[PDB]
Amino acid sequence: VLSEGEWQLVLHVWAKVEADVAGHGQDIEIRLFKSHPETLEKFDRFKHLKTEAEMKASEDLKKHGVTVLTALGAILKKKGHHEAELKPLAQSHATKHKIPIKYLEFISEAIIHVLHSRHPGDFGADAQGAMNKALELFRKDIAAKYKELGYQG
Ligand code: HEM
């Protein structure tokens, strides 16, 4: 569980993300694909993108990044009370996209990296620890929902 203080650090940095959701989304997706190239294989829509500049130029990827971060933001703002928001995400990611928890670890790393790159003065060690706990909770709860659907992490 996160403390109220921890949730407030999470939401304080998230408000920074909300000042440019598209830009943060692009950076996070690109960081994910750069650091863990195998993840790009999961995207029939994007795996044709051959360079970083192509990725940055893709309106489709940018739109998708906003969708991703909008869903994550909606989850984080519930401060753990996110069953209604998490269930449909688990459904699609378990049964359609087939995303293992290890890949959710990869994107969590990418999120931390981008938030620190863009907002170091509002994302120090304690804030990173809080965001890490929030994303750990998300991964734990989604893994439980995966199993409920018959998908083994
Ligand atoms: C913070 C973690 C994540 C969030 C919040 C998130 C959110 C979303 C949302 C909202 C959608 C559109 C609706 C849906 O299909 O559920 C989506 C689609 C998708 N996600 Fe994720 N996602 C996450 C992690 C990942 C990861 C790590 C991968 C792959 C390594 C992935 C692969 C996909 C794919 C392939 C689609 C379909 C894209 C398309 O063709 O339109 N997701 N995601």
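Looking at the entry header, you'll see X-ray crystallography listed as the method and 1.450 Å as the resolution.

S.K.: Could you give me a rundown of the side chain of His36, with the residues and numbers involved?
M.R.: When you line up the elements, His36 lands in the loop between α2 (21-35) and α3 (52-57). Apart from residues lying up to four places away in sequence, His36 is in contact with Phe106 and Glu109.

S.K.: Break down the site of the ligand for me, citing the residues and quoting the values.
M.R.: Near the ligand, the surroundings consist of 17 residues, among which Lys42, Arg45, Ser92, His93 and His97 are the closest. Between an oxygen atom of the ligand and a side-chain N or O atom of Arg45, the distance comes to 2.3 Å. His93 places a side-chain nitrogen or oxygen 2.9 Å from a nitrogen atom of the ligand. Contributing elements (two or more residues each) for the shell around the ligand: α4 (59-76), α5 (83-95) and α6 (101-118).

S.K.: Can you lay out α6 for me, pointing to particular residues and giving the numbers?
M.R.: Helix length check: α6, at 18 residues, gives a terminal C-alpha distance of 26 Å against a target of 26 Å (1.5 Å per residue), a fit within 8%. Inspection of α6 places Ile101, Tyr103, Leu104, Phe106, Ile107, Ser108, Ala110, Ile111, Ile112, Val114 and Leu115 among the buried residues, and these make up the whole buried set. Against the buried residues of α6 lie α1 (4-17), α2, α4 and α7 (125-148).

S.K.: A description of α1 should follow, citing residues and the corresponding values.
M.R.: The first and last C-alpha atoms of α1 sit 20 Å apart over 14 residues, in line with the 20 Å expected at 1.5 Å per residue. Of the positions making up α1, those classed as buried are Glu6, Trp7, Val10, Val13, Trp14 and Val17. End-on view of α1: buried residues confined to an arc of 135°, all on one side of the axis. Looking at the buried positions of α1, the neighbouring elements they touch are α2, α4, α6 and α7.

S.K.: Any chance you could break down the environment of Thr95 for me, citing the residues and the numbers?
M.R.: For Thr95, the location among the structural elements is in helix α5. The partly exposed category is assigned to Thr95, whose relative accessible area is 44%. Taking the C-alpha atoms as reference, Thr95 lies 8.8 Å from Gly150; in sequence the two are 55 residues apart. Within the structure, the side chain of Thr95 is placed 2.7 Å from the backbone oxygen of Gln91, a separation counted as a polar contact.

S.K.: Would you mind going over the UniProt feature "binding site: heme b" in the protein in detail, with residue names and values included?
M.R.: Per the UniProt annotation, the sites labelled "binding site: heme b" are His93. With respect to the helices, strands and loops of the structure, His93 is situated in helix α5. On the basis of relative accessibility, which here comes to 23%, the residue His93 falls in the partly exposed class. Excluding its chain neighbours within four sequence positions, the residues that come into contact with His93 are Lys98, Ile99 and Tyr146.

S.K.: Explain the UniProt feature "domain: Globin" in the protein to me, and be specific about the residues and the numbers.
M.R.: Residues annotated in UniProt with the feature "domain: Globin" correspond here to residues 1-147. From the first C-alpha to the last, residues 1-147 spans 21 Å; its make-up is 73% helix and 0% strand.

S.K.: So what's going on with the nonpolar core? Residues and values would help.
M.R.: The biggest cluster of nonpolar side chains holds 45 residues, and the ones touching the most others in it are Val10, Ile28, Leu115, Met131, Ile142 and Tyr146. Elements supplying a minimum of two residues to this core: α1, α2, α4, α5, α6 and α7. When residues no more than four places from it in sequence are discounted, the contact partners of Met131 are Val10, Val13, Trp14, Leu76, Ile112, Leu115 and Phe123.

What counts and what doesn't
- Residues numbered from 1 in each chain as written, not as in the entry; some residues may be left out.
- Heavy atoms only, no water.
- Helix = DSSP H or I, 4+ residues; strand = E, 2+ residues; numbered from the N terminus.
- Contact = heavy atoms within 4.5 Å.
- Near = heavy atom within 4 Å.
- Polar contact = N/O pair within 3.5 Å; in protein donor to acceptor, adjacent residues only side chain to side chain.
- Expected span 1.5 Å × (residues − 1).
- Buried < 20%, exposed > 50% of the residue type's maximum accessible area, 1.4 Å probe, protein only.
- Arc of directions from axis to C-beta.
- UniProt positions renumbered as here; feature names shortened; annotations may be inferred.
- Core = buried A, V, L, I, M, F, W, Y, C linked by side-chain atoms within 4.5 Å.

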